[PDB]
Structure formats: C-alpha cells, structure tokens
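K.L.:
Chains as they are written, first to last, in my numbering: chain A, -16 to 148; chain B, 34 to 184; chain C, 308 to 616.
We put the beta carbon where it would ideally sit given N, CA and C, even for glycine.
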Ligand SMILES: Nc1nc2c(ncn2[C@@H]2O[C@H](COP(=O)(O)OP(=O)(O)OP(=O)(O)O)[C@@H](O)[C@H]2O)c(=O)[nH]1
Ligand SMILES: [Mg+2]
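1. Considering only residues of the same chain and omitting the five flanking positions on each side of residue 571 of chain C, which have a CB-CB separation below 8 Å?
2. Which partner residues does residue 124 of chain A have in the DSSP bridge list?
3. Using 8 Å as the threshold, is the segment 446 to 466 of chain C in touch with the segment 166 to 179 of chain B, meaning 3 or more CB pairs across them?
4. Give a single yes or no on whether residue 19 of chain A has its beta carbon closer than 8 Å to a heavy atom of ligand 2.
5. Evaluate residue 110 of chain B with the Cβ neighbour count: other Cβ atoms within 10 Å of its Cβ, from every protein chain shown; 16 or more gives buried, anything less gives exposed.
6. So does the segment 321 to 331 of chain C actually touch the segment 115 to 135 of chain B, counting three or more Cβ pairs closer than 8 Å?
7. Which parts of the segment 420 to 503 of chain C are runs of the alpha helix (DSSP H), unbroken and 4 residues or longer, counting only runs that do not cross its ends?
8. How about residue 469 of chain C and residue 419 of chain C: are their beta carbons less than 9 Å apart?
9. Sorted by chain position, which residues of the same chain lie with C-beta nearer than 6 Å to residue 169 of chain B's C-beta, five sequence neighbours on each side aside?
10. Could you give the C-beta distance for residue 47 of chain B and residue 583 of chain C, rounded to a whole number, given that I count them as a contact under 8 Å?
11. What are the partner residues of residue 40 of chain B, as DSSP defines its beta bridges?
12. If you measure from the CB of residue 125 of chain A, is any heavy atom of ligand 1 nearer than 8 Å?
13. List in chain order the residues whose CB is within less than 6 Å of at least one heavy atom of ligand 1.
14. On the CB-based measure, 16 or more other CB atoms within 10 Å of its CB, does residue 612 of chain C come out buried or exposed?
15. Nearest-angstrom Cα distance between residue 26 of chain A and residue 32 of chain A?
16. Could you check the C-alpha separation between residue 125 of chain A and residue 90 of chain A for me, to the nearest Å?
17. So what does DSSP say about residue 49 of chain A, is it helix, strand or coil?
18. Quick one: what's residue 31 of chain A bridged to in DSSP?
19. Does residue 131 of chain B come within less than 9 Å of chain C when only Cβ atoms are used?
20. Let me know if residue 79 of chain B comes out buried or exposed under the rule of 16 or more other beta-carbons within 10 Å of its beta-carbon.
21. Under 9 Å, Cβ to Cβ, is there at least one residue of chain C near residue 51 of chain A?
22. Residues bridged to residue 54 of chain A by DSSP?
23. Under the rule that 16 or more other beta-carbon atoms within 10 Å means buried, what is residue 13 of chain A, buried or exposed?
24. Answer yes or no: the CB of residue 453 of chain C versus the heavy atoms of ligand 2, is any distance below 8 Å?
25. Between which residues of its own chain and residue 41 of chain B is the CB-CB distance below 7 Å, once the five residues before and five after are set aside?
26. Alpha helix (DSSP H) containing residue 95 of chain B: first to last residue?
27. Compute the minimum distance between the beta carbon of residue 34 of chain A and the heavy atoms of ligand 2, and state whether it is under 8 Å.
28. Are the CB atoms of residue 596 of chain C and residue 557 of chain C nearer to each other than 9 Å?
29. Return the chain-ordered list of same chain residues with a C-beta closer than 6 Å to the C-beta of residue 437 of chain C, the five sequence neighbours on each side being excluded.
30. Cβ atoms of residue 106 of chain A and residue 58 of chain A: under 9 Å apart, would you say?
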C-alpha cells in the first residue's frame, strides 16, 4: 500500500480523521502517547496512514517515521489561531529534512465548524504553502466532525501517488 | 522472586536467556559466564541449591540448578524463594516442555526457542510464577497455538 | 513490475530465517563474528523493507542475537513496528524481543504507548496477554502511571487467564508507581477473593511481595494471610504465605503464637517433603521467638526433629 505519514499539532484532528476515514465513525479520542497505524483503501488504492501523536513532548519522535513514506498530511486546526505559528515552524522544519524531498504534502485545514475558523487561503498564507519549491502540494478545508473535504483530499492524494486507473 | 532463567550447554554456550531484573547486555553475558563457572564445575553429586552469583546483585540470591547430558538449567532467584519448591517447579517446567514438544530436546532449544519462551512466559511472568498447574499451562499454550493456526 | 515483485520473492527465498541464522553460525563458528555482523547488516537492510513478515523474521534473528549478547537496540523502533503489526503472530515476536531488548532509558517508552494500550484494550485475551508479558519485563514508571489505568480494569477481565497476568504486572506497577498501589491496595485485597485459585494465587504472590517490602501493610491483613493459608491447597502458595509468616512473626510474635497450631496441623497433613521442610524451618523460627515464656515449645521441637530426622 501507499505509505503516508500524517502529522500535526496536538488536538488537531489526526486521530479523528483517521478513524472516520477507516470506520466512518467519530470516536472519542484521548491524547496519543504513542502512535496509531491504519491501512485505508480509497478508490482501489490502499493507503497505510501512520497516525503519530501531535503532542510537543513527542514531536521530537517524528524522526522515526520519516523513512519510505510517500505522503505527508498536516491536519490544520484553522480554529487554533494562537498556534498557527507553531504549526508553520513545525512544517518548515519537517520539510527541511532530506528524507521528505520526494514525498507529497496534502494540507487538511480542520475544524471548519467553529465560527472563528480561518479560510483555507489564509491557512496557505500562514503555512507559506505558496513559497514551497519542488513540492507538489494541495490544501483542503476539512471538518473532522462532518467529514467534508476528506474524500476530495484522498482523491488528490491518490492522483499524485497513483500512475494509472 | 526469579531474577533470571538460563539454559546453557557444557561449554557455556546459551540455549535460553531470559532476565527479569534489568542488567546491561554485558552484565547479562557476564552473569551467564559467572553462572557457568559456578554451575558447570559442580559435580553431579553436588547439592542443586547453590549460593547466588555476585554480578546478579549479590550472593544472598540463589542459583538453583539441574542438568543432564550436556545441558544446564539455572534459575536465578532471590533469598526469599524456596529452593525446594523451585526445584519442583523446574522439573514440572521440563514436563511441560515434554508435553508441548513431544519430548523436548536440545534441537528445540536451538531451533524452537521462540516457543520455548512462549511456554516459559506461561510458566513465569516477570520473575513471578505465572502457572503451577501443568495441564492448564499446556492448555493455554495450545490455545495460543490454535489461535495462530486459525489466523 | 510483476517480475520485480517475483524477484523480491526469489530474493526472499534466499534470505535467512532464525533457524538459518543458527545453522549458519554453527557452520561458521570460526567466522562467527564475520557471519553475524554480515547478517546484522543484512538485517539492517531487511528492516528498511516494507514486508512486516520479513521484518518480524529479522527481529526473530535479532532476538536470537540478543541471547548471544549483541546490541540490537538500534532496531528497537523497528521492533516497535513489529509490535504494531496487524497480526499477533508478529506482534508477539516484537513483544518477545522488547521484553529483553527495550530499556527505560530509550525513547520506546513514549513510542509504544498507544499500541500497548490498544493491545490491552483488544478483546483478544491472547493479544492482551502477550502485551502484558512484554510489559512484565519492559515497563517504566511512566508506562506504569498511565497503563495501570487500563490494567486495573483488566484485573476484572472475564477471563482469569488475563486477570491473573494483570495481577502480576500490577506488582511491577506498584514497584515503579506506588501512587497507584495506594488505591489498588484494597483492590488487590479484593483480587485475593477471586473464585479462580490461579488468579487468586497470583494475587497472593503480589501481596506477599508487598508485605515483604513494606510490613506496615501486613498487620491488618494478618487474619487474611491466615485465611489464605487455611483455604489454600496450592503448595507453592502455602510456601509463600508460610515464608511470609516466618518474616511476620519477628514483628508480631502473637501471630506466630496462634499460627503454630494450624502450622502443626499442617505439618501433620503435609505429604510433600519440600513443603515439610519449609513448614518445619518456619515453625522452628516461630518456636524460637515463642520459647521465651512458653515451656512447651520443646514438645513442638520434638516433633520438628522427628520430621528433620
Ligand atoms: N469542532 C471540531 N472539533 C474537532 C474536529 N476534528 C477533531 N475535533 C476535536 O478535536 C479534539 C482533538 O482531536 P484528536 O483527533 O484527538 O487530535 P489529534 O491531532 O489526534 O491530537 P494528538 O493525539 O495529541 O496528536 C477532539 O476533541 C476532537 O473531537 C473538527 O473538525 N471540528
Ligand atoms: Mg491523536
């Protein structure tokens, strides 16, 4: 299957998105001390998305999951205005790794349900997705509770990853 | 309780090494070597209840051992354990190995050690005796074997 | 494409399993260091693959090498992957390796948290049991703090198989995280009442260890230790309780004063010589502490020496 590493800040929606994608169910979540791994097949293409915890204390542990990954997913809490910076420094440091030069980045702007969630364009501007070089990227405003935008993001991820029908 | 269980031949070569109390890898190897000299040099007519080694944390502990042919079985236990009870447990552990391997032999220690460990895990958990009922321990071993075979 | 996959399978057929490792070592003893270091490098390459069955095999080989004294800590993350495998047939391998390879000073203590809990929450008693025994040799105070929240629940698991294992690991939890021991102490007292004697026995082993380490918690339990001995028919268990009694009498002679009767009766009923010795040795110590002010201990001694003879 396609090896995808999905990261983000704590409480962003990584676990919720992964479990909704596999089971179609919004499950109650507790902070991920370790990690989660689930293999999801979308449009006949199987994606093994590795859910690594988003807590800062375990953010240094992100190094162990970089190898052989074919895609990066960054669950963006558009409601968390206070941590948009911390998100952008984390993203820039992650892209500084040479191990992720040929991987693909799909940006999930999560938590669109709250009234104070910023639009996806502002998410791109804050994350500097427009300034990336040699990086095939896309952004999709997503909502973990409702699931809107998840299948479009999966479609795009397959499209860049797959090579034929 | 049980600090470590070692199985090794008459040349000091390992057949099983499972520790319960934390030791460095080098310490572990050295404990084995110490134990080897402490056990393999004992005559067949020597009491199976020996003093503990020093690398394990102190001689207060005991080395309960049993051997045959070229194989030595040593149970490193602490000072509060029943040397006699242990010896009984050692023998029935062996009986379990026979029940599960249709007569365990050196080649099972050599090529099936993973299952020996599985069995051992059912016998002892974390240095504490997990099971004393020999038919039940076989039952659970086979229950796992069936699970594996099933899927 | 398809033939490249076939090539992988062909190459796989010439790859060494645990037994092949062993056989090669036996055939290359003179070049053992060369052989093994070569195999280790091959393992390093194998662990960079995406085939978990192969990687689990590589871990099996490493586990063997762990027995041989080789440092395989660099593969600990890869071992974790094996533990995170969808099949317990490989998770178990990882847990086996981890029980002898993982250390509290390594970063696996954070990395494994979710997978461990997932296996503990799994309905499969064998997956959970495997995880628990992995933890029995590899667990930290931090893992103890957070995993115990689930393990205490596991001590009420439908199957005694697990309740038993869960009880023994809680001992280690207490050793590393006594803060859980406090609320879990009465729980253990309740686990001593478990209808299934196998679980109950484990509970006895734990509480006896707790009393040994800290006698302040045995006093009010002395009546209970008495009942445990009285009701137990498991010689190993009796040994534990009786030895504990040997360790309790110095602190409370009047306990011994009452115990000496059923202990005498026990000795009369004892058929196992291994038990007999333990019984006799124990009551001798008891009689010594009781000899002051009790001029009938010599009759008890008379019995003791009849048995010693
Ligand atoms: N309002 C709203 N809440 C969401 C959405 N998606 C997830 N959440 C909530 O956000 C909280 C955190 O979600 P998690 O999935 O646990 O976050 P995480 O990224 O896995 O956090 P870590 O495990 O620490 O890395 C939970 O209470 C979720 O229910 C969303 O789209 N909208
Ligand atoms: Mg999470």
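P.N.:
Checking against the coordinates, here is how it stands:
1. Sequence index remark: in the third chain, residue 571 of chain C carries index 264 (1-based). Here the set comprises 590, 607, 610.
2. Position 141 of the first chain, counted from the start, is the residue given in the question as residue 124 of chain A. Residue 124 of chain A pairs with A:92.
3. no
4. To locate residue 19 of chain A, count along the first chain from 1; it is residue 36. True, at least one ligand heavy atom lies under 8 Å from that Cβ.
5. Numbered from 1 along the second chain, position 77 holds the residue referred to as residue 110 of chain B. So residue 110 of chain B ends up on the buried side.
6. no
7. 420 to 428, 432 to 444, 448 to 461, 467 to 483, 485 to 498
8. What you label residue 469 of chain C is simply residue 162 of the third chain in a count that begins at 1. What you label residue 419 of chain C is simply residue 112 of the third chain in a count that begins at 1. Taking 9 Å as the Cβ cut-off, residue 469 of chain C and residue 419 of chain C do not qualify as a contacting pair.
9. If you number the second chain from 1, residue 169 of chain B lands on position 136. There are no such residues.
10. Here residue 47 of chain B refers to the residue found at position 14 of the second chain. Here residue 583 of chain C refers to the residue found at position 276 of the third chain. About 36 Å separates the two Cβ atoms, so there is no contact after all.
11. Start at 1 with the first residue of the second chain, and residue 40 of chain B comes out as number 7. Note: residue 40 of chain B sits in a beta bridge opposite B:49, B:106.
12. Residue mapping note: residue 125 of chain A aligns to position 142 of the first chain, counting from 1. It does: the Cβ of residue 125 of chain A is within 8 Å (strictly closer) of some heavy atom of ligand 1.
13. A:-9, A:-7, A:-6, A:-5, A:-4, A:-3, A:-2, A:-1, A:12, A:14, A:15, A:36, A:37, A:38, A:58, A:93, A:94, A:96, A:97, A:126, A:127, A:128
14. If you number the third chain from 1, residue 612 of chain C lands on position 305. Result: exposed.
15. The residue you call residue 26 of chain A lines up with position 43 of the first chain. The residue you call residue 32 of chain A lines up with position 49 of the first chain. The straight-line gap from Cα to Cα measures roughly 15 Å.
16. Counting from 1 along the first chain, the entry for residue 125 of chain A is found at position 142. Counting from 1 along the first chain, the entry for residue 90 of chain A is found at position 107. When rounded, the distance between both Cα atoms is 9 Å.
17. Here residue 49 of chain A refers to the residue found at position 66 of the first chain. The answer is coil: DSSP assigns residue 49 of chain A none of H, G, I, E or B.
18. Counting from one through the first chain, the residue named residue 31 of chain A turns up at place 48. For residue 31 of chain A, which the question treats as bridged, DSSP gives the partners A:-14, A:22.
19. Position 98 of the second chain, counting from 1, holds the residue named residue 131 of chain B. Chain C, which has no Cβ nearer than 9 Å to the Cβ of residue 131 of chain B, makes this no.
20. By one-based count along the second chain, residue 79 of chain B stands at place 46. Classification of residue 79 of chain B: exposed, given that the 10 Å Cβ count is below 16.
21. Locating residue 51 of chain A in the first chain gives position 68, counting from the first residue. Chain C contact via Cβ: present.
22. Here residue 54 of chain A is taken as the residue at index 71 of the first chain, counted from 1. BP columns for residue 54 of chain A point to A:-13, A:87.
23. The count along the first chain starts at 1 and reaches residue 13 of chain A at position 30. By the neighbour-count rule (16 or more Cβ atoms within 10 Å), residue 13 of chain A is not buried but exposed.
24. Locating residue 453 of chain C in the third chain gives position 146, where the first residue counts as 1. The answer is no for residue 453 of chain C.
25. Numbered from 1 along the second chain, position 8 holds the residue referred to as residue 41 of chain B. Once the five neighbours on either side are set aside, the close Cβ partners of residue 41 of chain B are 47, 48, 65, 69, 105.
26. Taking the first residue of the second chain as 1, we reach residue 95 of chain B at position 62. Looking at the DSSP string, residue 95 of chain B is not in any alpha helix (DSSP H); the run it does join, the beta strand (DSSP E), is 95 to 101.
27. For the purposes of this step, residue 34 of chain A is identified with residue 51 of the first chain, where counting begins at 1. Yes, the beta carbon of residue 34 of chain A sits closer than 8 Å to at least one heavy atom of ligand 2.
28. For the purposes of this step, residue 596 of chain C is identified with residue 289 of the third chain, where counting begins at 1. For the purposes of this step, residue 557 of chain C is identified with residue 250 of the third chain, where counting begins at 1. The answer is yes: Cβ separation under 9 Å.
29. Here residue 437 of chain C is taken as the residue at index 130 of the third chain, counted from 1. For residue 437 of chain C, where only same-chain residues beyond five positions count, the Cβ hits under 6 Å are 399, 402.
30. For the purposes of this step, residue 58 of chain A is taken as the residue at position 75 of the first chain. For the purposes of this step, residue 106 of chain A is taken as the residue at position 123 of the first chain. No, Cβ-Cβ distance for residue 58 of chain A and residue 106 of chain A is not below 9 Å.
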